[PDB]
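Below is one structure, written out as structure tokens; the observations come after it.
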Amino acid sequence: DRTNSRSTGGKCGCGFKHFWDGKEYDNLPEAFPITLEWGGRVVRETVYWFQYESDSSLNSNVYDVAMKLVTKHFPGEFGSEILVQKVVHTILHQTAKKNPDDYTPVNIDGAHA
Amino acid sequence: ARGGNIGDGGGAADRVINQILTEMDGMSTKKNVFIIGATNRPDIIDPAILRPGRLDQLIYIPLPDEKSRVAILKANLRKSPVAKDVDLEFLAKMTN
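Chains as they are written, first to last, in the authors' numbering: chain 1, 561 to 673; chain A, 585 to 680.
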């Protein structure tokens, strides 16, 4: 959902701020899936990776994104610290965009077409 | 050199680093022998050293930014005859 608060700057082109997870981001986040395997169980989970935020502190930090997923899907497993390392190595290799302006936001109907 | 972050079965499990731990415990503080490490990668290292009583805190050495680049250039070019109009104050100002 795109809010009426003015965007101070963004690749979106919409000129307005966007709302997300209770917060207001200037741009919409790139998304791409992740692959988790632990204790034999397997989970599909999609990873939203904010980038190019005007305010520096709001950009995604891999050591929080990775920890959130493992906690959200494996609460209380032993040795999950090894799983997090495997997860982090994946996200970094996936977000390593050749051109820094390679922006392919989420495809949401109605907000942008 | 033992795979790293993928490697094999191992909890960093090193034949050598363990010896460094053993000698870093049996060392009296009164002798004034300070141990400094340096790792290009801050995570794949053994977590057994980053525990109180051993190498305890991590200092992060960033890339040189402005004054440090001028200083590095003027410390490399101190052995060789340089010209007068060589603008190191500009050369370091450009290369980010």
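Each residue gets a CB set at the ideal place from its N, CA and C atoms; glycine is no exception.
Helix, strand or coil for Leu672 (chain A), going by three-state DSSP, please let me know.
helix
When we look at the beta-carbon of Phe618 (chain A) and count the other beta-carbons within 10 Å, is it buried (16 or more) or exposed?
exposed
I need the DSSP call for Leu605 (chain A), collapsed to helix, strand or coil.
helix
In terms of DSSP beta bridges, what is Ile594 (chain 1) paired with?
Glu605 (chain 1)
Could you tell me the boundaries of the beta strand (DSSP E) in which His578 (chain 1) lies?
576-580
From this set, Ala667 (chain A), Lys668 (chain A), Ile656 (chain A), which residue's C-alpha is nearest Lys677 (chain A)'s C-alpha?
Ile656 (chain A)
For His578 (chain 1), which residues in chain A fall below 8 angstroms Cβ to Cβ?
The premise fails here: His578 (chain 1) is roughly 31 angstroms from chain A at the closest Cβ pair, so nothing lies under 8 angstroms.
Which whole-angstrom value is the C-beta distance of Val644 (chain 1) and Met627 (chain 1), which I expect to be below 8 angstroms?
6 angstroms
By the 8 angstroms beta-carbon criterion, what residues does the segment 624-645 of chain 1 contribute toward chain A?
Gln645
So is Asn589 (chain A) in contact with chain 1 if we call contact Cβ pairs under 7 angstroms?
yes
At least one CB of chain A closer than 7 angstroms to the CB of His649 (chain 1): is that the case?
yes
Please report how far the alpha carbon of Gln611 (chain 1) lies from the alpha carbon of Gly570 (chain 1), in whole angstroms.
10 angstroms
Would DSSP call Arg566 (chain 1) helix, strand or coil?
strand
Apart from the five residues on each side of it in sequence, which residues of its chain come closer than 6 angstroms, Cβ to Cβ, to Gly575 (chain 1)?
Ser567
Let's test the definition: count the other Cβ atoms within 10 Å of the Cβ of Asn587 (chain 1) and tell me whether it reaches 16, buried, or not, exposed.
buried
Ordered along the chain, which non-local residues of its own chain (more than five positions away) have a Cβ less than 8 angstroms from that of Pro589 (chain 1)?
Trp580, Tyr608, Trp609, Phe610, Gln611, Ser620, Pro665, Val666
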